[PDB]
$ cat final06.txt   # compact mmCIF, C-alpha atoms and all ligand atoms
# COMPACT_ATOMS: atom_id res chain seq x y z
CA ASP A 24 0.00 0.00 0.00
CA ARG A 25 2.59 2.62 1.20
CA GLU A 26 4.97 -0.17 0.02
CA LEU A 27 3.37 0.06 -3.51
CA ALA A 28 3.65 3.91 -3.28
CA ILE A 29 7.45 3.69 -2.63
CA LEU A 30 7.88 1.19 -5.56
CA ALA A 31 5.80 3.39 -7.96
CA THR A 32 7.75 6.54 -6.81
CA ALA A 33 11.11 4.77 -7.40
CA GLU A 34 10.02 3.56 -10.93
CA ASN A 35 8.85 7.15 -11.78
CA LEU A 36 12.07 8.89 -10.57
CA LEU A 37 14.19 6.19 -12.36
CA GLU A 38 12.61 7.50 -15.63
CA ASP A 39 14.32 10.98 -15.25
CA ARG A 40 17.60 10.11 -13.32
CA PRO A 41 19.93 7.34 -12.08
CA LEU A 42 19.61 5.70 -8.58
CA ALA A 43 22.77 7.63 -7.39
CA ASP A 44 20.76 10.90 -8.02
CA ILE A 45 17.69 9.74 -5.97
CA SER A 46 17.77 10.19 -2.15
CA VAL A 47 15.66 8.14 0.34
CA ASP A 48 14.01 11.56 1.11
CA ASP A 49 13.20 11.83 -2.69
CA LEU A 50 11.41 8.39 -2.37
CA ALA A 51 9.73 9.26 1.02
CA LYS A 52 8.49 12.71 -0.21
CA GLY A 53 7.26 10.94 -3.42
CA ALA A 54 5.25 8.24 -1.52
CA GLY A 55 3.96 11.01 0.89
CA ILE A 56 5.60 9.43 4.04
CA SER A 57 8.46 10.51 6.40
CA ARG A 58 12.07 9.23 5.98
CA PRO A 59 11.78 7.05 9.14
CA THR A 60 8.47 5.51 7.85
CA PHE A 61 10.23 4.71 4.51
CA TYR A 62 12.90 2.81 6.54
CA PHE A 63 10.12 0.68 8.17
CA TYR A 64 9.37 -0.81 4.65
CA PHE A 65 12.93 -0.83 3.11
CA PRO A 66 16.49 -0.79 4.53
CA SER A 67 17.84 1.34 1.57
CA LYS A 68 17.04 2.82 -1.89
CA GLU A 69 19.19 -0.10 -3.21
CA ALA A 70 16.64 -2.58 -1.68
CA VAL A 71 13.82 -0.67 -3.53
CA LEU A 72 15.57 -1.23 -6.93
CA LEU A 73 16.16 -4.91 -5.93
CA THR A 74 12.39 -5.32 -5.25
CA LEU A 75 11.38 -3.65 -8.57
CA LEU A 76 13.86 -5.82 -10.57
CA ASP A 77 12.61 -8.97 -8.70
CA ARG A 78 8.97 -8.13 -9.70
CA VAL A 79 9.84 -7.45 -13.40
CA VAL A 80 12.06 -10.61 -13.61
CA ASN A 81 9.29 -12.77 -11.99
CA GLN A 82 6.60 -11.31 -14.38
CA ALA A 83 8.82 -12.27 -17.41
CA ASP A 84 9.48 -15.69 -15.79
CA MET A 85 5.73 -16.36 -15.06
CA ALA A 86 4.87 -15.18 -18.62
CA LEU A 87 7.46 -17.64 -20.10
CA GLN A 88 5.99 -20.44 -17.86
CA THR A 89 2.46 -19.62 -19.25
CA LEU A 90 3.82 -19.79 -22.83
CA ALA A 91 5.67 -23.13 -22.18
CA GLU A 92 2.42 -24.82 -20.89
CA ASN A 93 0.26 -23.23 -23.71
CA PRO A 94 2.43 -23.25 -26.87
CA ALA A 95 1.19 -21.08 -29.80
CA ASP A 96 0.00 -23.23 -32.77
CA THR A 97 2.18 -21.83 -35.64
CA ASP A 98 5.55 -22.33 -37.45
CA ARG A 99 8.67 -22.78 -35.23
CA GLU A 100 9.88 -19.26 -36.39
CA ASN A 101 6.71 -17.65 -34.83
CA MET A 102 6.88 -19.93 -31.74
CA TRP A 103 10.40 -18.59 -30.90
CA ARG A 104 9.27 -15.01 -31.78
CA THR A 105 6.49 -15.47 -29.17
CA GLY A 106 9.20 -16.62 -26.65
CA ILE A 107 11.71 -13.77 -27.27
CA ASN A 108 8.65 -11.37 -27.17
CA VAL A 109 7.93 -12.12 -23.45
CA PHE A 110 11.33 -10.48 -22.73
CA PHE A 111 10.90 -7.64 -25.33
CA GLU A 112 7.40 -6.66 -23.98
CA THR A 113 8.04 -7.25 -20.23
CA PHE A 114 11.43 -5.39 -19.99
CA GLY A 115 10.34 -2.99 -22.80
CA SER A 116 7.50 -1.85 -20.42
CA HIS A 117 9.98 -1.39 -17.46
CA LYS A 118 12.97 0.25 -19.30
CA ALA A 119 13.98 2.44 -16.26
CA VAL A 120 13.94 -0.52 -13.77
CA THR A 121 15.75 -2.74 -16.39
CA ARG A 122 18.48 -0.13 -17.15
CA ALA A 123 19.12 0.56 -13.39
CA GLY A 124 18.90 -3.15 -12.46
CA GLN A 125 21.69 -3.88 -15.01
CA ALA A 126 23.82 -0.93 -13.75
CA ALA A 127 23.36 -2.25 -10.12
CA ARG A 128 24.88 -5.66 -11.14
CA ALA A 129 28.40 -4.07 -10.98
CA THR A 130 27.77 -2.69 -7.40
CA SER A 131 25.23 -5.09 -5.70
CA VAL A 132 25.83 -8.79 -4.85
CA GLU A 133 22.00 -9.39 -4.51
CA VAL A 134 21.14 -7.80 -7.94
CA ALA A 135 23.98 -9.87 -9.58
CA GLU A 136 22.77 -13.11 -7.90
CA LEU A 137 19.09 -12.44 -8.76
CA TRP A 138 19.89 -11.82 -12.47
CA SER A 139 22.40 -14.72 -12.55
CA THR A 140 19.76 -17.17 -11.13
CA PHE A 141 17.07 -16.26 -13.71
CA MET A 142 19.60 -16.25 -16.63
CA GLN A 143 20.65 -19.86 -15.64
CA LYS A 144 16.91 -20.79 -15.50
CA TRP A 145 16.11 -19.20 -18.97
CA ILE A 146 19.22 -20.85 -20.56
CA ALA A 147 18.30 -24.30 -19.02
CA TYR A 148 14.77 -23.92 -20.53
CA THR A 149 16.11 -22.72 -23.99
CA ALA A 150 18.49 -25.73 -24.02
CA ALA A 151 15.65 -28.22 -23.06
CA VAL A 152 13.55 -26.87 -25.97
CA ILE A 153 16.54 -27.06 -28.40
CA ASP A 154 17.17 -30.74 -27.34
CA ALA A 155 13.41 -31.51 -27.79
CA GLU A 156 13.63 -30.08 -31.35
CA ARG A 157 16.72 -32.36 -31.88
CA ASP A 158 14.90 -35.49 -30.43
CA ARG A 159 11.81 -34.93 -32.72
CA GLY A 160 14.26 -34.68 -35.73
CA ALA A 161 13.42 -30.95 -36.39
CA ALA A 162 16.94 -29.47 -35.54
CA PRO A 163 20.42 -30.93 -36.27
CA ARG A 164 22.87 -31.92 -33.45
CA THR A 165 25.36 -29.03 -34.09
CA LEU A 166 26.76 -27.22 -30.97
CA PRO A 167 26.09 -28.47 -27.44
CA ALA A 168 22.50 -27.19 -26.85
CA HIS A 169 23.46 -25.56 -23.48
CA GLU A 170 26.41 -23.59 -24.99
CA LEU A 171 24.18 -22.40 -27.90
CA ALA A 172 21.42 -21.43 -25.39
CA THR A 173 23.95 -19.47 -23.20
CA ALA A 174 25.28 -17.34 -26.12
CA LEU A 175 21.79 -16.65 -27.63
CA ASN A 176 20.54 -15.65 -24.11
CA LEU A 177 23.61 -13.37 -23.57
CA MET A 178 23.00 -11.87 -27.09
CA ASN A 179 19.35 -11.05 -26.18
CA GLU A 180 20.32 -9.49 -22.81
CA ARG A 181 22.93 -7.18 -24.44
CA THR A 182 20.94 -6.44 -27.63
CA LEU A 183 17.51 -5.85 -25.92
CA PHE A 184 19.17 -3.53 -23.29
CA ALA A 185 21.32 -1.58 -25.84
CA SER A 186 18.05 -0.99 -27.88
CA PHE A 187 15.99 0.04 -24.78
CA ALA A 188 18.77 2.43 -23.62
CA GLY A 189 19.08 3.88 -27.20
CA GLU A 190 22.87 3.11 -27.03
CA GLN A 191 25.25 3.69 -29.95
CA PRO A 192 25.57 1.23 -31.46
CA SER A 193 22.16 -0.59 -31.17
CA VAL A 194 19.37 -2.10 -33.30
CA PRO A 195 16.36 0.27 -33.27
CA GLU A 196 13.67 -0.97 -30.83
CA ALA A 197 11.18 -1.51 -33.73
CA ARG A 198 13.70 -3.84 -35.61
CA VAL A 199 15.28 -5.74 -32.62
CA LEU A 200 12.69 -8.59 -32.28
CA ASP A 201 12.99 -9.67 -35.97
CA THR A 202 16.82 -9.31 -35.69
CA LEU A 203 16.98 -11.77 -32.72
CA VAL A 204 14.43 -14.24 -34.22
CA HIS A 205 16.48 -14.50 -37.49
CA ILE A 206 19.70 -15.34 -35.49
CA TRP A 207 17.90 -17.78 -33.04
CA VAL A 208 16.07 -19.69 -35.86
CA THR A 209 19.08 -19.93 -38.30
CA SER A 210 21.53 -20.87 -35.48
CA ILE A 211 19.11 -23.47 -34.00
CA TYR A 212 17.92 -25.11 -37.33
CA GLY A 213 21.01 -24.68 -39.69
CA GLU A 214 24.30 -26.77 -39.91
CA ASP B 24 59.41 4.95 -20.01
CA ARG B 25 58.10 5.98 -16.51
CA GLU B 26 54.84 6.27 -18.55
CA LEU B 27 55.21 2.53 -19.53
CA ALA B 28 56.00 1.73 -15.84
CA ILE B 29 52.69 3.35 -14.68
CA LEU B 30 50.72 1.46 -17.42
CA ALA B 31 52.39 -1.91 -16.53
CA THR B 32 51.78 -1.25 -12.75
CA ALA B 33 48.08 -0.44 -13.41
CA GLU B 34 47.62 -3.65 -15.58
CA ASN B 35 49.31 -5.74 -12.79
CA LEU B 36 47.21 -4.31 -9.90
CA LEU B 37 44.02 -4.66 -12.06
CA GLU B 38 44.72 -8.46 -11.99
CA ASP B 39 44.16 -8.66 -8.15
CA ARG B 40 41.59 -5.80 -7.51
CA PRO B 41 39.16 -3.28 -9.08
CA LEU B 42 40.18 0.34 -10.02
CA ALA B 43 38.17 1.70 -6.98
CA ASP B 44 40.62 -0.32 -4.73
CA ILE B 45 43.80 1.13 -6.40
CA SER B 46 45.07 4.56 -5.22
CA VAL B 47 47.30 6.91 -7.32
CA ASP B 48 49.91 6.25 -4.53
CA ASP B 49 49.48 2.45 -5.29
CA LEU B 50 50.35 3.26 -8.99
CA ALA B 51 53.20 5.73 -8.07
CA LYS B 52 54.80 3.31 -5.52
CA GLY B 53 54.43 0.53 -8.18
CA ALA B 54 56.20 2.54 -10.96
CA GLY B 55 58.86 3.67 -8.36
CA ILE B 56 57.99 7.44 -8.68
CA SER B 57 56.42 10.04 -6.28
CA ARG B 58 52.67 10.92 -6.38
CA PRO B 59 53.42 14.39 -7.88
CA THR B 60 55.62 12.80 -10.63
CA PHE B 61 52.73 10.38 -11.45
CA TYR B 62 50.48 13.46 -11.95
CA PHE B 63 53.00 14.87 -14.50
CA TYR B 64 52.18 11.84 -16.81
CA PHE B 65 48.42 11.33 -15.97
CA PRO B 66 45.64 13.52 -14.50
CA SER B 67 43.99 10.52 -12.66
CA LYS B 68 43.97 6.70 -12.23
CA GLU B 69 40.84 6.85 -14.48
CA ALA B 70 43.04 8.32 -17.31
CA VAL B 71 45.49 5.36 -16.82
CA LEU B 72 42.65 2.81 -17.43
CA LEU B 73 41.52 4.92 -20.45
CA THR B 74 45.07 4.71 -21.93
CA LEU B 75 45.33 0.91 -21.35
CA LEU B 76 41.88 0.30 -22.94
CA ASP B 77 42.83 2.61 -25.90
CA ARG B 78 46.04 0.52 -26.50
CA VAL B 79 44.21 -2.87 -26.30
CA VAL B 80 41.32 -1.61 -28.55
CA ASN B 81 43.83 -0.20 -31.13
CA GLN B 82 45.87 -3.50 -31.12
CA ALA B 83 42.62 -5.48 -31.87
CA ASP B 84 41.69 -2.85 -34.51
CA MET B 85 45.18 -2.93 -36.21
CA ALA B 86 45.09 -6.78 -36.09
CA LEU B 87 41.64 -6.80 -37.80
CA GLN B 88 42.99 -4.31 -40.45
CA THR B 89 45.97 -6.72 -41.10
CA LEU B 90 43.52 -9.63 -41.51
CA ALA B 91 41.21 -7.63 -43.87
CA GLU B 92 44.17 -6.77 -46.24
CA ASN B 93 45.62 -10.37 -46.02
CA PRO B 94 42.61 -12.75 -45.95
CA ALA B 95 43.33 -16.39 -44.91
CA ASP B 96 42.91 -18.83 -47.86
CA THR B 97 40.35 -21.33 -46.41
CA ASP B 98 36.56 -22.01 -46.13
CA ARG B 99 34.32 -19.04 -45.10
CA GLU B 100 33.73 -20.81 -41.68
CA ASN B 101 37.53 -20.62 -40.91
CA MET B 102 37.81 -17.07 -42.38
CA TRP B 103 35.20 -15.79 -39.82
CA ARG B 104 36.85 -17.90 -37.05
CA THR B 105 40.12 -16.05 -37.87
CA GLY B 106 38.18 -12.71 -37.57
CA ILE B 107 36.41 -13.46 -34.23
CA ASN B 108 39.83 -14.81 -32.98
CA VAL B 109 41.51 -11.34 -33.19
CA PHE B 110 39.06 -10.28 -30.43
CA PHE B 111 39.32 -13.59 -28.45
CA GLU B 112 43.20 -13.51 -28.41
CA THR B 113 43.68 -9.71 -28.02
CA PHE B 114 41.14 -9.15 -25.15
CA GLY B 115 41.82 -12.70 -23.83
CA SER B 116 45.47 -11.53 -23.24
CA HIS B 117 44.28 -8.31 -21.44
CA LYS B 118 41.38 -9.72 -19.30
CA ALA B 119 41.99 -7.26 -16.36
CA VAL B 120 42.10 -4.13 -18.62
CA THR B 121 39.04 -5.48 -20.60
CA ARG B 122 36.96 -6.24 -17.45
CA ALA B 123 37.77 -2.79 -15.88
CA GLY B 124 37.34 -0.93 -19.20
CA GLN B 125 33.78 -2.39 -19.46
CA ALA B 126 32.99 -1.51 -15.80
CA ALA B 127 34.26 2.10 -16.46
CA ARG B 128 31.68 2.51 -19.32
CA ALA B 129 28.93 3.09 -16.68
CA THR B 130 31.01 5.85 -14.91
CA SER B 131 33.27 7.47 -17.63
CA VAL B 132 32.07 9.45 -20.70
CA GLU B 133 35.52 8.97 -22.43
CA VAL B 134 35.59 5.13 -21.90
CA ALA B 135 31.95 4.91 -23.21
CA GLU B 136 32.79 7.07 -26.27
CA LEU B 137 36.03 5.16 -27.02
CA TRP B 138 34.25 1.75 -26.90
CA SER B 139 31.20 3.13 -28.79
CA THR B 140 33.46 4.47 -31.64
CA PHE B 141 35.29 1.15 -32.17
CA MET B 142 32.05 -0.92 -31.91
CA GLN B 143 30.50 1.28 -34.71
CA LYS B 144 33.72 0.73 -36.76
CA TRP B 145 33.73 -3.13 -36.23
CA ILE B 146 29.95 -3.35 -37.05
CA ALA B 147 30.43 -1.19 -40.24
CA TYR B 148 33.25 -3.59 -41.33
CA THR B 149 31.21 -6.78 -40.45
CA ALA B 150 28.27 -5.37 -42.48
CA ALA B 151 30.54 -4.48 -45.51
CA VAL B 152 31.85 -8.09 -45.51
CA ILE B 153 28.29 -9.54 -45.19
CA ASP B 154 27.13 -7.36 -48.19
CA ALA B 155 30.22 -8.50 -50.20
CA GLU B 156 29.22 -12.14 -49.50
CA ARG B 157 25.66 -11.22 -50.71
CA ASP B 158 27.00 -9.45 -53.91
CA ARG B 159 29.21 -12.51 -54.84
CA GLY B 160 26.07 -14.75 -54.40
CA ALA B 161 27.56 -16.62 -51.35
CA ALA B 162 25.00 -15.36 -48.67
CA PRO B 163 21.22 -14.75 -49.03
CA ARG B 164 19.65 -11.25 -48.61
CA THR B 165 17.90 -12.03 -45.25
CA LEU B 166 18.10 -9.29 -42.51
CA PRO B 167 19.54 -5.84 -43.20
CA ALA B 168 23.33 -6.57 -43.07
CA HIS B 169 23.96 -3.66 -40.59
CA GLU B 170 21.27 -4.87 -38.11
CA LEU B 171 22.66 -8.46 -38.29
CA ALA B 172 26.24 -7.11 -37.80
CA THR B 173 25.13 -5.00 -34.74
CA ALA B 174 23.51 -7.97 -32.90
CA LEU B 175 26.37 -10.44 -33.69
CA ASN B 176 28.91 -7.78 -32.50
CA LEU B 177 26.86 -7.15 -29.28
CA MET B 178 26.65 -10.99 -28.77
CA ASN B 179 30.48 -11.29 -29.02
CA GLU B 180 31.09 -8.37 -26.61
CA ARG B 181 28.75 -9.87 -23.94
CA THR B 182 29.72 -13.53 -24.52
CA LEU B 183 33.55 -12.98 -24.76
CA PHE B 184 33.47 -10.78 -21.56
CA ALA B 185 31.18 -13.16 -19.55
CA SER B 186 33.64 -16.03 -20.46
CA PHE B 187 36.79 -13.97 -19.58
CA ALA B 188 35.23 -12.87 -16.23
CA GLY B 189 34.16 -16.52 -15.49
CA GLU B 190 30.56 -15.19 -14.94
CA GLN B 191 27.59 -17.45 -14.19
CA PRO B 192 26.19 -18.08 -16.66
CA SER B 193 28.93 -18.16 -19.39
CA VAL B 194 30.41 -20.40 -22.11
CA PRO B 195 33.76 -21.80 -20.89
CA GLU B 196 36.69 -19.87 -22.43
CA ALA B 197 37.88 -23.03 -24.31
CA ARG B 198 34.38 -23.48 -26.01
CA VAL B 199 33.43 -19.77 -26.68
CA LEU B 200 35.19 -19.30 -30.09
CA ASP B 201 33.45 -22.35 -31.71
CA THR B 202 30.13 -21.22 -30.08
CA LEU B 203 30.33 -17.73 -31.72
CA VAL B 204 31.55 -19.07 -35.13
CA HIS B 205 28.55 -21.51 -35.34
CA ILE B 206 26.06 -18.61 -34.68
CA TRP B 207 27.88 -16.11 -37.05
CA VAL B 208 28.15 -18.64 -39.96
CA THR B 209 24.56 -20.07 -39.68
CA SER B 210 23.00 -16.58 -39.21
CA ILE B 211 25.03 -15.09 -42.12
CA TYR B 212 24.62 -18.00 -44.66
CA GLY B 213 21.15 -19.53 -43.72
CA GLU B 214 17.55 -18.32 -44.62
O1 LIG C 301 9.44 -19.82 -27.55
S1 LIG C 301 8.87 -21.06 -26.99
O2 LIG C 301 7.45 -20.85 -26.68
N1 LIG C 301 9.74 -21.43 -25.54
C1 LIG C 301 11.19 -21.34 -25.83
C2 LIG C 301 11.85 -20.16 -25.27
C3 LIG C 301 12.44 -19.20 -24.91
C4 LIG C 301 13.29 -18.11 -24.60
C5 LIG C 301 14.21 -18.18 -23.58
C6 LIG C 301 15.03 -17.08 -23.34
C7 LIG C 301 14.96 -15.95 -24.15
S2 LIG C 301 16.05 -14.59 -23.85
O3 LIG C 301 17.42 -15.01 -24.15
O4 LIG C 301 15.63 -13.46 -24.71
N2 LIG C 301 15.72 -14.11 -22.21
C8 LIG C 301 16.90 -13.96 -21.36
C9 LIG C 301 16.70 -12.64 -20.57
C10 LIG C 301 16.95 -11.44 -21.45
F1 LIG C 301 15.84 -11.13 -22.08
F2 LIG C 301 17.79 -11.75 -22.41
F3 LIG C 301 17.48 -10.45 -20.75
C11 LIG C 301 14.05 -15.88 -25.17
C12 LIG C 301 13.22 -16.96 -25.38
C13 LIG C 301 9.07 -22.45 -28.11
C14 LIG C 301 8.62 -23.72 -27.75
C15 LIG C 301 8.77 -24.81 -28.61
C16 LIG C 301 9.38 -24.66 -29.84
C17 LIG C 301 9.85 -23.40 -30.21
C18 LIG C 301 9.70 -22.31 -29.34
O1 LIG C 302 36.86 -12.58 -40.62
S1 LIG C 302 37.25 -11.85 -41.85
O2 LIG C 302 38.70 -11.99 -42.05
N1 LIG C 302 36.83 -10.19 -41.63
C1 LIG C 302 35.43 -10.12 -41.13
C2 LIG C 302 35.32 -9.77 -39.72
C3 LIG C 302 35.14 -9.56 -38.57
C4 LIG C 302 34.74 -9.37 -37.22
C5 LIG C 302 34.22 -8.16 -36.79
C6 LIG C 302 33.82 -8.05 -35.46
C7 LIG C 302 33.91 -9.13 -34.59
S2 LIG C 302 33.35 -8.96 -32.92
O3 LIG C 302 31.90 -8.78 -32.92
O4 LIG C 302 33.74 -10.19 -32.17
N2 LIG C 302 34.31 -7.66 -32.27
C8 LIG C 302 33.54 -6.62 -31.58
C9 LIG C 302 34.32 -6.31 -30.27
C10 LIG C 302 34.11 -7.41 -29.24
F1 LIG C 302 35.00 -8.36 -29.44
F2 LIG C 302 32.95 -8.00 -29.44
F3 LIG C 302 34.10 -6.90 -28.02
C11 LIG C 302 34.42 -10.33 -35.02
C12 LIG C 302 34.84 -10.43 -36.33
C13 LIG C 302 36.36 -12.45 -43.29
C14 LIG C 302 36.56 -11.87 -44.55
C15 LIG C 302 35.87 -12.32 -45.67
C16 LIG C 302 34.95 -13.35 -45.56
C17 LIG C 302 34.72 -13.93 -44.32
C18 LIG C 302 35.41 -13.47 -43.19
$ encode --input "final06.txt" --output "structure tokens"
Amino acid sequence: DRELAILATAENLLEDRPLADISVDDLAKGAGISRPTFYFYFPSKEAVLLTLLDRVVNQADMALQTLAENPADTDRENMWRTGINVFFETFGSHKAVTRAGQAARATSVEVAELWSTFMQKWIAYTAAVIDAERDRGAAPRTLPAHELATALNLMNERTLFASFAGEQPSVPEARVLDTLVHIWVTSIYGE
Amino acid sequence: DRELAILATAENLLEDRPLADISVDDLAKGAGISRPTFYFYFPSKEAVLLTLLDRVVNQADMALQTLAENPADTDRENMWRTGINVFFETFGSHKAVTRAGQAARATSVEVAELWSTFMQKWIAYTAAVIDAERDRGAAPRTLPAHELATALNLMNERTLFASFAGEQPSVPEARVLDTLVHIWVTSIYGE
């Protein structure tokens, strides 16, 4: 409630400036509570970012679970597009949290461990699906599935986040999805 | 001379700890000069990292120029392997400078601009070679060459550096080259 108000205030301020330029007072003021009352709900501004990232990451994760149980009925190219799109839409809707979350990996053990855990989970799932495609005779046994999954997942992380941040260089946001699907599909189904 | 001694001292200390844990006195002591004498050669420890990164980046760049003028006489798979390998060997030999250089992108305008400039140059060259391969009828016109180049280059950056840092997750250093060549070759020559 006042917890939601701190989270919403943090997301809003992270649209105009970095975490280093937001005080606890900036978050308290924003949620319409005192500094001490803020500290009842969170030990630090760093813990606020950690909670926002955790919510975004879990939304993407739950969305990928929903997709896995209920596969789209279409060509394998569009199936994978649907999969990459969970990440494009979810993080695309939380650019400020995403950008700051990734910055905070350099400086926060918990942010690095949180991201690391979900990346291992998304790679393990990518690799399971690639091996399935190999078992049903649809993809050739080229690279170790788990190595291929790791590199594709690291590509998406870097490429999605460069696009969202408008970095130079980057693929424009409106071309990035098709860019990643081409490389996933060719690298998974070619020899 | 005493300039080289500061650079060598910085590279050495960046093997055991981050830049934030190295003082100017740590670099002066190391090069066997006073603090004031250090400041004659460099305005800050941050400028030392910038000079090391600039040297590594220019070595990779000059090595890729040498390759471009003197192409290996082999299959296209091995040609590209030779190309990715400039980056694998060059940065692979300067892991500590590479790791710290990438950290310093978040916190230094000059490090971000230096890296940004060379990435645009390496993407422009990748894209020129892809278009050549399209013109000589060897690769299909799939994705815009420059978008494909950008994503592949961002993949290599993230994947090479995760491997070098031993991050979880990452491809092991001894499997990363073959991993990237498979994805480059399939994504450049498949449809
Ligand atoms: O698509 S499916 O429905 N299920 C397969 C899948 C998947 C998947 C996994 C990871 C990423 S990822 O690398 O983009 N996310 C890592 C986090 C970040 F975004 F990079 F930051 C993209 C897609 C399908 C089922 C069966 C057959 C084909 C596809
Ligand atoms: O290989 S060639 O000799 N010349 C083509 C090339 C190339 C090239 C460009 C960039 C990268 S990159 O993306 O790895 N570097 C970006 C920086 C970092 F490492 F990622 F950090 C790897 C390889 C050839 C000629 C003609 C026909 C085929 C190949």
$ residues_near_ligand --input "final06.txt" --ligand "ligand LIG 301 (chain C)" --cutoff "6 Å" --atoms "all atoms listed in the file" --output "list in words"
residues 90, 91, 94, 99, 102, 103, 105, 106, 107, 110, 142, 145, 149, 152, 175, 176, 179 and 180 of chain A
$ write_last_selection --input "final06.txt" --atoms "C-alpha atoms" --output "mmCIF file, in the frame of the given file"
data_model
loop_
_atom_site.group_PDB
_atom_site.id
_atom_site.type_symbol
_atom_site.label_atom_id
_atom_site.label_comp_id
_atom_site.auth_asym_id
_atom_site.auth_seq_id
_atom_site.Cartn_x
_atom_site.Cartn_y
_atom_site.Cartn_z
ATOM 1 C CA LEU A 90 3.820 -19.790 -22.830
ATOM 2 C CA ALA A 91 5.670 -23.130 -22.180
ATOM 3 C CA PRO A 94 2.430 -23.250 -26.870
ATOM 4 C CA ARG A 99 8.670 -22.780 -35.230
ATOM 5 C CA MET A 102 6.880 -19.930 -31.740
ATOM 6 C CA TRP A 103 10.400 -18.590 -30.900
ATOM 7 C CA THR A 105 6.490 -15.470 -29.170
ATOM 8 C CA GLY A 106 9.200 -16.620 -26.650
ATOM 9 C CA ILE A 107 11.710 -13.770 -27.270
ATOM 10 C CA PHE A 110 11.330 -10.480 -22.730
ATOM 11 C CA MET A 142 19.600 -16.250 -16.630
ATOM 12 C CA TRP A 145 16.110 -19.200 -18.970
ATOM 13 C CA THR A 149 16.110 -22.720 -23.990
ATOM 14 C CA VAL A 152 13.550 -26.870 -25.970
ATOM 15 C CA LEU A 175 21.790 -16.650 -27.630
ATOM 16 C CA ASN A 176 20.540 -15.650 -24.110
ATOM 17 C CA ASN A 179 19.350 -11.050 -26.180
ATOM 18 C CA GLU A 180 20.320 -9.490 -22.810
#
$ interface_residues --input "final06.txt" --of "chain A" --to "chain B" --cutoff "7 Å" --atoms "all atoms listed in the file" --output "ChimeraX atom specification"
/A:139,142-143,166,170-171,173-174,177-178,181-182,191-194,202,206,209-210,213-214
$ write_last_selection --input "final06.txt" --atoms "C-alpha atoms" --output "compact mmCIF listing (two decimals), in the coordinates of the input"
# COMPACT_ATOMS: atom_id res chain seq x y z
CA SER A 139 22.40 -14.72 -12.55
CA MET A 142 19.60 -16.25 -16.63
CA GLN A 143 20.65 -19.86 -15.64
CA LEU A 166 26.76 -27.22 -30.97
CA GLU A 170 26.41 -23.59 -24.99
CA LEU A 171 24.18 -22.40 -27.90
CA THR A 173 23.95 -19.47 -23.20
CA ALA A 174 25.28 -17.34 -26.12
CA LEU A 177 23.61 -13.37 -23.57
CA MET A 178 23.00 -11.87 -27.09
CA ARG A 181 22.93 -7.18 -24.44
CA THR A 182 20.94 -6.44 -27.63
CA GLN A 191 25.25 3.69 -29.95
CA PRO A 192 25.57 1.23 -31.46
CA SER A 193 22.16 -0.59 -31.17
CA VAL A 194 19.37 -2.10 -33.30
CA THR A 202 16.82 -9.31 -35.69
CA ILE A 206 19.70 -15.34 -35.49
CA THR A 209 19.08 -19.93 -38.30
CA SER A 210 21.53 -20.87 -35.48
CA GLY A 213 21.01 -24.68 -39.69
CA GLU A 214 24.30 -26.77 -39.91
$ residues_around --input "final06.txt" --residues "residue B:29" --least-positions-apart "3" --cutoff "12 Å" --atoms "all atoms listed in the file" --output "JSON, numbers by chain"
{"B": [24, 25, 26, 32, 33, 34, 35, 36, 47, 48, 49, 50, 51, 52, 53, 54, 55, 56, 57, 58, 60, 61, 62, 63, 64, 65, 67, 68, 70, 71, 72, 74, 75]}
$ atom_distance --input "final06.txt" --atom1 "atom CA of residue A:121" --atom2 "atom CA of residue A:37"
9.9 Å
$ atom_distance --input "final06.txt" --atom1 "atom CA of residue B:111" --atom2 "atom CA of residue B:88"
15.6 Å
$ closest_residue --input "final06.txt" --among "B:188, B:79, B:128, B:86" --to "residue B:108" --atoms "only C-alpha atoms"
B:86
$ closest_residue --input "final06.txt" --among "B:133, B:69, B:77, B:84" --to "ligand LIG 302 (chain C)" --atoms "only C-alpha atoms and all ligand atoms"
B:84
$ closest_residue --input "final06.txt" --among "B:189, B:41, B:163, B:115" --to "ligand LIG 302 (chain C)" --atoms "all atoms listed in the file"
B:115
$ decode --input "final06.txt" --residues "stretch 162-167 of chain B" --atoms "N, CA and C atoms" --output "PDB file, in the first residue's frame"
ATOM      1  N   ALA B 162      25.936 -15.469 -49.835  1.00  0.00           N
ATOM      2  CA  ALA B 162      25.001 -15.361 -48.674  1.00  0.00           C
ATOM      3  C   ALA B 162      23.665 -14.797 -49.138  1.00  0.00           C
ATOM      4  N   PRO B 163      22.523 -15.282 -48.615  1.00  0.00           N
ATOM      5  CA  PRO B 163      21.225 -14.750 -49.033  1.00  0.00           C
ATOM      6  C   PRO B 163      20.949 -13.351 -48.461  1.00  0.00           C
ATOM      7  N   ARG B 164      20.148 -12.540 -49.155  1.00  0.00           N
ATOM      8  CA  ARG B 164      19.655 -11.247 -48.608  1.00  0.00           C
ATOM      9  C   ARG B 164      18.543 -11.555 -47.598  1.00  0.00           C
ATOM     10  N   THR B 165      18.895 -11.797 -46.337  1.00  0.00           N
ATOM     11  CA  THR B 165      17.903 -12.027 -45.252  1.00  0.00           C
ATOM     12  C   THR B 165      17.700 -10.688 -44.547  1.00  0.00           C
ATOM     13  N   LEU B 166      18.177 -10.541 -43.309  1.00  0.00           N
ATOM     14  CA  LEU B 166      18.101  -9.292 -42.511  1.00  0.00           C
ATOM     15  C   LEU B 166      18.940  -8.209 -43.154  1.00  0.00           C
ATOM     16  N   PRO B 167      18.585  -6.924 -42.976  1.00  0.00           N
ATOM     17  CA  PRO B 167      19.540  -5.844 -43.202  1.00  0.00           C
ATOM     18  C   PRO B 167      20.904  -6.206 -42.590  1.00  0.00           C
TER      19      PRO B 167
END
